[PDB]
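**Q** Following this: a sequence and the matching experimental structure.
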Amino acid sequence: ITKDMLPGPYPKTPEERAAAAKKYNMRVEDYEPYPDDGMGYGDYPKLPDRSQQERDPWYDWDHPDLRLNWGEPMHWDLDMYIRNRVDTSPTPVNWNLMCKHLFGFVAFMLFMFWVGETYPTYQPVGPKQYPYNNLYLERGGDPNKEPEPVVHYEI
Amino acid sequence: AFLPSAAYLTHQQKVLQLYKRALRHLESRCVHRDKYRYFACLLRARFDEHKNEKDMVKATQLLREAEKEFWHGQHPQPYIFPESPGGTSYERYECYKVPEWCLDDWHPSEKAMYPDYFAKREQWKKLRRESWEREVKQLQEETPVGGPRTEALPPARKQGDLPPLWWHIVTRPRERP
Amino acid sequence: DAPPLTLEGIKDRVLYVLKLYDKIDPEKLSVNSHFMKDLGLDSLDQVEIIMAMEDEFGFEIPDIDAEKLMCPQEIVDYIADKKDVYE
Amino acid sequence: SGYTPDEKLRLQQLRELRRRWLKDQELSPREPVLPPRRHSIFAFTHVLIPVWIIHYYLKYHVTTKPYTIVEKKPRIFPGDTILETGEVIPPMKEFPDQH
Amino acid sequence: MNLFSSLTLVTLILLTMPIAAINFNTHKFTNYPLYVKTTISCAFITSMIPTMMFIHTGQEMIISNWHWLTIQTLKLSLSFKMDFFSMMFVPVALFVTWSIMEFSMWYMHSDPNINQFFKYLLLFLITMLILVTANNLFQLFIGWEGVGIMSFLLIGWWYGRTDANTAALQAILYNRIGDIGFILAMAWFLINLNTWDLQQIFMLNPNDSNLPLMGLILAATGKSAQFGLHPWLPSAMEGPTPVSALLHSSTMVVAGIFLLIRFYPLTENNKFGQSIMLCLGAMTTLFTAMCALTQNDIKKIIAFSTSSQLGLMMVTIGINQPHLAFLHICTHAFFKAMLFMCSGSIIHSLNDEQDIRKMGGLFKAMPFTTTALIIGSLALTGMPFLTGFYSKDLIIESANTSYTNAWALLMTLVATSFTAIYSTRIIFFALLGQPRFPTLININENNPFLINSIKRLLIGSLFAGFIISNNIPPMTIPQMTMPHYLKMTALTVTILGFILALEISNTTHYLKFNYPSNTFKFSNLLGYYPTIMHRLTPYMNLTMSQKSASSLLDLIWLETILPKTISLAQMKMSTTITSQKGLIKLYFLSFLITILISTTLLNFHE
Amino acid sequence: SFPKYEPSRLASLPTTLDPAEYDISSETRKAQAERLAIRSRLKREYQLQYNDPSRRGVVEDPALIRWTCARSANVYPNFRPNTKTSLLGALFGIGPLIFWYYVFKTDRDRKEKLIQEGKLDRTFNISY
Ligand SMILES: CCCCCCCCCCCCCCCCCC(=O)OC[C@H](COP(=O)([O-])OCC[N+](C)(C)C)OC(=O)CCCCCCCCCCCCCCCCC
Ligand SMILES: CCCCCCCCCCCCCCCCCC(=O)OC[C@H](COP(=O)(O)OCCN)OC(=O)CCCCCCCCCCCCCCCCC
């Protein structure tokens, strides 16, 4: 590998843009770099930001798990759009409708758990009644003191 | 879209691919076989109703709203064959697809366990390394200037010669090693 | 488990599916019976035949390979290539 | 339409070579040419000798040290007899019989 | 004493012996799976003796045998707690694992790495019994992370497949999110109580136990796949069917439930923790059972089934019934392992077909699998006096008759109806009707490994609830007085679920085509939760992992401020010093200005 | 009638629903045939080395080397300090440092003030 096949600075003159497009093995009409706001991209192409799962899975790929050919310019976040990771494939339900349905369902369920905590169910019974001063010594109460008498009656 | 030899998709190819995808997603919707068979004939009638449309702009528009019809009426979990991509057995055996060149890395005491196999392998290796320069000079005398337009490879235009770039298609591993 | 496929077996199963298809008479049919030129079948009929092949042998043929299978012998040979028969 | 005759001839030749390869993947009957190479032994080697070892370890190295094996004291009922002492636990009060 | 502790440790050392056998190998084994299966059969038989003599007296003990590490006041010893929880869960796990491995001797028979598979599966069993026999939080953390890592290695078994590696890393991710709360709990108990041992935790008995119990609930949410940390258990069906059958039905997935059951003296005095557990378990058992209604992969349906039953276990912890929850663990193990084994028999018989829309007509072609699948579904839904009756029905009898979050109760009963719905969905699309699988029938189930392995869990699913629930001692007081509409709640709601789903099943034979609604797409796309969160939360991390952290900070700005600005400063000062024109006139004029600034401006002569 | 699919960042528009797929013009056939030609030339240059019996090693991809050199070494020589980079480097650089400083300082001042008044239950806390 040599220097003028490595990525360089941001192309401004159209012959420099065409030389960059020849370097990354793509058409000048399809070569778009990241916009020069000074984030450190240079002449690197802004590939369209799609995942690798979206590719044709029956195509004879050079790298089958990557779904990526030889010499094809890799995406800047190619390690992010591997099929082990972020997939941007289209979904049957819309993204915003999915977010609204999930948010509304979770918020409604948490609301109704708070409602049921405010208004709990119970049984029509008295409290459970325990002997020996509501079990004073069994709950670790000290014997050198003396509690109040808890008295239960028959009914 | 993205094809190895074709540069695009014709209207006929788009219609056939939409027809197959509509039948597959319909079979996902219509689980039972008689019921799918009934609705598959109804969908075939819907595809046959606009088959004789010589106006290409009208036909492309009908294809477009039929794709909208499909994207509305698709199953959220369509049926996928197990070894098909997205299937439950897809690329399962790729960890068992050891490439053939690793057989060159074996110790001789484990190459001598299969003497007929490696004696039969060395003539494949010899055949490939004599075929290589003939198929290179076949490729450079048939490829146009500017490089190859398509990814289509030629066959062997003589007798005795092997097709160019044949080794990794022939010596690919089995699907069930 | 998993009995192996033979070219005789794949041929018998492909022609067996085509004999169960009402737009093909079983006596005109052979392994070279071209669908559009001999059997006179539609392209939609060819897509349905390849889908019947998929439902028969249990695997998916891609469409770029499906649209080139225009005779039973090419279908049998594609299933031979994708199942690696006659080892 | 389908294939072109170039594609037909190439895929036929690749099919022939692929079938020859898959045939040459087979095994000779002499292959693999190998180099020249008690009924309840499982209950003895995996059970009885480990019970011996672990009982030796627990009896003469674990219980010889304090608080290494701490057992819950046994549940005592009215009417029991203590083995160490012989003290009979007295029974309960007579029940206010309910049914 | 000398018999109990001996066979207790002989069970564990007996399990570790085939690991030494596979690590000290030179030859190709004469059926190492038969060796490991015989080992686990004998370990089950060995563990039944301390179980019998715990049924006899109630004999619990602790073997703190090996002093490992004293961090100044924390004495970490190798300590084994043989109580009711160990004495019941160890033989159930060994029995289930013995059935799973006799299944695995058939299901994984073509695998050339079958000895590695049985090695990994035995290592999972060893780490799980390290988890459930642990007496301090460190050894329980060893077993915890051990079953997490063996879950990783057994999900990603076919490691060339991208989705298996993805689901395994997903399962690790959700488990480590639970491990945040587990290590929070260990931190709280060490700092406030100077212990990780269970005995000092239970004897000190803190009242400010909000934070450690929140940590333990987060740990159980990670491990048992409760809501928020649920989707890895459906994703974990990518591994082989014995992996989804042992680890992901019965044994590993109850470890969070078992962790909260183990800390029952702390949850019995924290009503806020009981409320959080009740709400989270009811949310999970509603959501996963609702998602199960529209799935078509059979292993996904049974995975949502077992996560719904784990949510029911979290419910019955949350109503202060930890022993009923542990009884439901020991009950649920048998029939849920059997349901996964029957589904794997169907999958192997249909040439690795897992979708129920390519099934049907399997009532008569697979008679033993059909019989055991129907027995498993009836045990799951709570047919009377099968094994799932002897815990789950009682759970409802304590869920109704308690001071309960009423919305949690109503969603628990809706989930109870949903269990019957997905059970008859399995029976309808798999066993009933006419075939949908392809034309080369290789349906066969005549292996004695398969028959005996489903047969022993079949005897378990018929009798084990009765046997265990009549062998356990009473640990609470069972509520046995309630009105007749309340005693008949679970059975009537289950029967109504069956009837409504019979209507659902018979509307599938109709010759009408319907468009999918938003309830259907909400249930079929997993509550939209793996679609959003597995696209969004990686994105906002990984861009931030590259654009912010890698590129902007540690390739540019932290590189800009210290070395680059100083380097450019030294370059510029070097060029200002050395830009002299070699003219003697200018050097002596500089010397004159030096002398003048020295005298008049700096006063270096005064 | 039908809800139009709205593409998002993490859910793109399908190929079947995009209007620019249905361009039947000449210049799109030009661009697609030229992309096919570039891709076929790259494929040929790959598999003339991939199928070579004499080659034993790594087919070096200039795309991969170029990708790693862009991701690592070309970042600083094409950095320009300006308004956006300064605001993002001070927003994501020292913002969290200030945030965690004030959170942990507030928590420890509250804790120390509770401890030296005898309020925080530090009864069995003898490991630290
Ligand atoms: C096949 C080999 C087996 C042995 C064959 C030959 C012997 C035949 C049978 C006789 C048994 C051997 C003689 C008796 C055994 C030794 C007795 C003895 O006193 O030994 C001294 C001691 C007993 O403990 P100790 O308390 O006396 O000494 C510890 C040392 N101090 C006090 C300084 C801290 O050591 C051992 O016995 C070591 C055995 C360890 C077994 C378990 C290992 C587990 C490994 C996990 C590592 C990480 C754990 C982290 C978590 C821990 C918990 C939080
Ligand atoms: C009692 C309280 C209960 C509270 C419950 C809720 C608490 C947690 C809240 C939500 C946080 C967890 C969920 C979000 C992250 C999930 C990440 C994940 O699992 O991604 C899976 C994804 C692939 O998934 P999928 O597309 O389904 O794969 C099949 C086909 N490829 O895989 C990938 O895309 C690969 C991703 C690799 C890099 C991961 C980047 C994200 C890391 C997130 C860290 C979160 C830390 C949280 C800390 C919490 C502290 C309390």
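**A** In hand now; what should we look at? Numbering: from 1, shown residues only, chains lettered A, B, ... in the order given. Ligands and ions are numbered 1, 2, ... in the order given.

**Q** In space, what's closest to the residue of chain B positioned farthest from its centre - neighbours in sequence excluded?
**A** Of all residues in chain B, residue B:109 has its C-alpha farthest from the mean position, at 39.5 Å, by Cα atoms, centre = their mean. Nearest residue to residue B:109 in three dimensions, chain neighbours excluded: residue D:35, at 7.8 Å (Cβ to Cβ, 6 or more residues apart in numbering or on different chains). Backbone N, C-alpha and C define where each C-beta goes, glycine included.

**Q** Give me the distance between residue D:91 and residue B:49.
**A** According to Cβ to Cβ, to the nearest Å, residue D:91 and residue B:49 sit 94 Å apart.

**Q** mind listing what the closest residue to residue B:30 other than its chain neighbours touches?
**A** Excluding the flanking residues, the one nearest residue B:30 by Cβ to Cβ, 6+ apart is residue B:36, at 4.0 Å. Listed by Cβ atoms under 8 Å, 6 or more residues apart in numbering or on different chains, the contact partners of residue B:36 are B:26, B:27, B:30.

**Q** Of those, just say which sits nearest to chain F.
**A** residue B:26 (15.7 Å; Cβ to the nearest Cβ).

**Q** is chain D contacted by stretch E:84-98?
**A** No: using Cβ under 8 Å from any Cβ of the partner chain, stretch E:84-98 never reaches chain D; the gap is at least 10.9 Å.

**Q** and the helix ranked longest in chain A, what does it pack onto?
**A** For chain A, the helix with the greatest residue count under DSSP state H is helix A:95-118. Packed against helix A:95-118 by the contact rule (3 or more Cβ pairs under 8 Å, 6 or more residues apart in numbering or on different chains; DSSP states H and E) you find helix E:271-291, helix E:406-426, helix E:518-524, helix E:529-543.

**Q** Would you reformat those helices as CSV and include distance to residue E:201 and mean neighbour count?
**A** Output for those, formatted as CSV (distance: least, Cβ to Cβ, whole Å; neighbours: other Cβ atoms under 10 Å in any protein chain shown):
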stretch, distance to residue E:201, mean neighbour count
helix E:271-291, 15, 24
helix E:406-426, 28, 24
helix E:518-524, 41, 17
helix E:529-543, 34, 17
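
**Q** Next up, the contacts around the nearest residue to residue E:126 once chain neighbours are set aside.
**A** Distances taken as Cβ to Cβ, 6+ apart place residue E:15 nearest to residue E:126, at 5.3 Å, with adjacent residues excluded. Listed by Cβ under 8 Å, 6+ apart, the contact partners of residue E:15 are E:39, E:40, E:43, E:122, E:125, E:126, E:129.

**Q** Show the secondary-structure elements that the helix or strand harbouring residue C:12 is packed against.
**A** Residue C:12 belongs to helix C:7-19 when assigned by DSSP states H and E. Contacts defined by 3+ Cβ pairs under 8 Å, 6+ apart place helix C:7-19 against helix C:43-57, helix C:72-83.

**Q** between that helix and helix C:72-83, how big is the angle?
**A** On the basis of axes from the mean of the first three to the mean of the last three Cα atoms, to 10 degrees, helix C:7-19 is oriented at 130 degrees to helix C:72-83.

**Q** Pull out the buried residues from helix C:7-19.
**A** C:10, C:11, C:13, C:14, C:15, C:17, C:18 (16 or more other Cβ atoms under 10 Å in any protein chain shown).

**Q** May I ask you to confirm that the last one is in contact with residue C:28?
**A** The one in question is residue C:18. No: counting by Cβ atoms under 8 Å, residue C:18 stays clear of residue C:28, with 10.7 Å between them.

**Q** circling back: can you list the contacts of residue B:36 in JSON lines and add distance to residue A:63, neighbour count and secondary structure?
**A** What follows is the contacts of residue B:36, written out as JSON lines (distance: Cβ to Cβ, whole Å; neighbours: other Cβ atoms under 10 Å in any protein chain shown; DSSP: H, G, I helix; E, B strand; the rest coil):
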{"residue": "B:26", "distance to residue A:63": "35", "neighbour count": "20", "secondary structure": "helix"}
{"residue": "B:27", "distance to residue A:63": "33", "neighbour count": "24", "secondary structure": "helix"}
{"residue": "B:30", "distance to residue A:63": "38", "neighbour count": "24", "secondary structure": "coil"}
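
**Q** Quick one: residues contacting the closest residue to chain F within chain A.
**A** Using Cβ to the nearest Cβ, residue A:38 is the residue of chain A that sits closest to chain F, at 3.2 Å. Residues near residue A:38 by Cβ under 8 Å, 6+ apart: F:78, F:79, F:80, F:81, F:82, F:84, F:85.

**Q** try residue E:294
**A** Contacts of residue E:294 (Cβ under 8 Å, 6+ apart): E:520, E:523, E:524.

**Q** quick revisit: count residues in the vicinity of the residue nearest to residue B:109, would you?
**A** 9 (other Cβ atoms under 10 Å in any protein chain shown).

**Q** Now the two most distant members of the buried residues of helix C:7-19.
**A** Spanning the widest gap among the buried residues of helix C:7-19 are C:10 and C:18, at 12.6 Å by Cβ to Cβ.

**Q** what about the residue in chain B that chain A sits nearest to, how many neighbours?
**A** Chain B approaches chain A most closely through residue B:85 (3.8 Å), counting by Cβ to the nearest Cβ. Neighbours of residue B:85 under the rule other Cβ under 10 Å: 15.

**Q** Over to the one 4 residues further on?
**A** Summarising burial for residue B:89: neighbours were counted as other Cβ under 10 Å, giving 17.

**Q** if I look at the residue nearest to residue E:126, how far off is residue E:270?
**A** Taking Cβ to Cβ, one finds residue E:15 at 36 Å from residue E:270.

**Q** what does residue C:3 give?
**A** Residue C:3 is 61 Å from residue E:270, by Cβ to Cβ.

**Q** If you count surrounding residues, which of the two has more?
**A** residue E:270 (21 against 8).

**Q** my read: the more buried one touches residue E:211, true?
**A** No: taking contact to mean Cβ under 8 Å, the distance of 10.7 Å between residue E:270 and residue E:211 leaves them out of contact.

**Q** Which parts of the chain are helices?
**A** No chain specified, so I'll use chain A. A:14-23, A:95-118, A:131-135.

**Q** nope, chain D
**A** D:5-23, D:42, D:49-57.

**Q** anything in the longest one near chain C?
**A** Yes: in this structure, helix D:5-23 sits against chain C according to Cβ under 8 Å from any Cβ; the contacting residues are D:7, D:11, D:15, D:18, D:19, D:22, D:23.

**Q** Show me which of those are buried.
**A** For the residues of helix D:5-23 next to chain C, a burial check counting by 16+ other Cβ under 10 Å picks out D:7, D:11, D:15, D:18, D:19.
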